[PDB]
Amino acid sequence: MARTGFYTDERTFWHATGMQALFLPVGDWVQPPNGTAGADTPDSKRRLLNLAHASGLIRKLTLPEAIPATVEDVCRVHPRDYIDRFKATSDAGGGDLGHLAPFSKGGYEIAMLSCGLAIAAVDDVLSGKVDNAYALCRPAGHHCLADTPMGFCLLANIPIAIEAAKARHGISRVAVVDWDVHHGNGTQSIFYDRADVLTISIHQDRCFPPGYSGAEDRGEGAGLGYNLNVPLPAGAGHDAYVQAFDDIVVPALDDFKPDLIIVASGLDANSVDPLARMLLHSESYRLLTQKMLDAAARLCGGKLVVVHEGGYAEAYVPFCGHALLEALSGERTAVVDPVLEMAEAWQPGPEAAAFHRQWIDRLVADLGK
């Protein structure tokens, strides 16, 4: 089988965004929460790992102990001035150096560690240590610009791991498939004029960054044709996503011939996420991972790396990620999703489904069909 590496560190759950009601700073008209503070909560990620323990799936993976990102690693993407300001704010108690990117004292070390998980997953897959990998990163990365953190991302996890890999393995072509429900503006920005990294984002139309769709932003200069935005209307679900993957994502991968596929895996397109309006369920994520596994076996020797990003529904994220992990490792457990049959009843009916198919066919046509 594909021995799957699972990259996690306890301290990633000790990152805390501060006293917010969901994503809202307390202060003014926003009453502080009486329960868990924040939206990126520790349990919105730890509960996935908890469920993988309870099912026994965790014992079927290998869990290496990753070293943190070094300053040299992260400075292949970020300017040292950002990194120095980040560390100094963190040493002094935390803050927010960007757009909705709050952190607490010592958040700098936890982000370097989070980043180390994605570096390690990429490094170990390229070295053959494992056949494929899942990095349970927290804080996430796919919104972080070179000099600006945003949307709960403090470092550019996947870009940093890619740049390390080019330095240590000389890898020529990398494709990033971002199915976190929000646009991967960070990844898009960092490689926008580069043709060696193909950046694909599937995301809810206009959600985050608010108002942005991006299907005509396809790259610049040498990177023209190497960025691919797939916005999908709010309220799209399982059949829409798999059509998008069959008709856009997978052919673009086939065209590009990567030497490595990386999934920026947010789980926030799930049917009860507060931070988006999509209708994916656990089996959606199993099937999308299988398409990525098949593509990687066909294109780059099974070299597939999944890097956790967003996902905010503490009760349902575990089941979506666990089905993903089952696919990735080719293992099956006794876990049954208690929401699955309701999520299937919830899916768009025939009138909405023809609209999603019309919407995706136009994206295809607009790309040169």
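From 1 onward, residues are counted along the sequence shown.
The stretch 60-68 shows the higher mean C-alpha B-factor when 44-52 is compared against 60-68 in the entry. Stretch comparison (113-121 versus 88-96) by mean CA B-factor in the PDB entry places 88-96 on top.
The residue among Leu224, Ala269, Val242, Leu293 whose C-alpha atom has the highest B-factor in the PDB entry is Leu224.
Of the candidates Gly310, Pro338, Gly330, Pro318, the one whose C-alpha carries the top B factor in the deposited record is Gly330. Placement of the Cα temperature factor of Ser189 within the chain: highest third of the modelled residues, per the deposited record. The deposited CA B-factor of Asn34 belongs to the highest third of values across its chain. Annotation for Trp179: C-alpha temperature factor in the lowest third relative to the rest of the modelled chain, per the entry.
Annotation for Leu325: CA B-factor lies in the lowest third of the chain's modelled residues.
In the deposited entry, the Cα temperature factor of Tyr134 sits in the bottom third of values across the chain's modelled residues.
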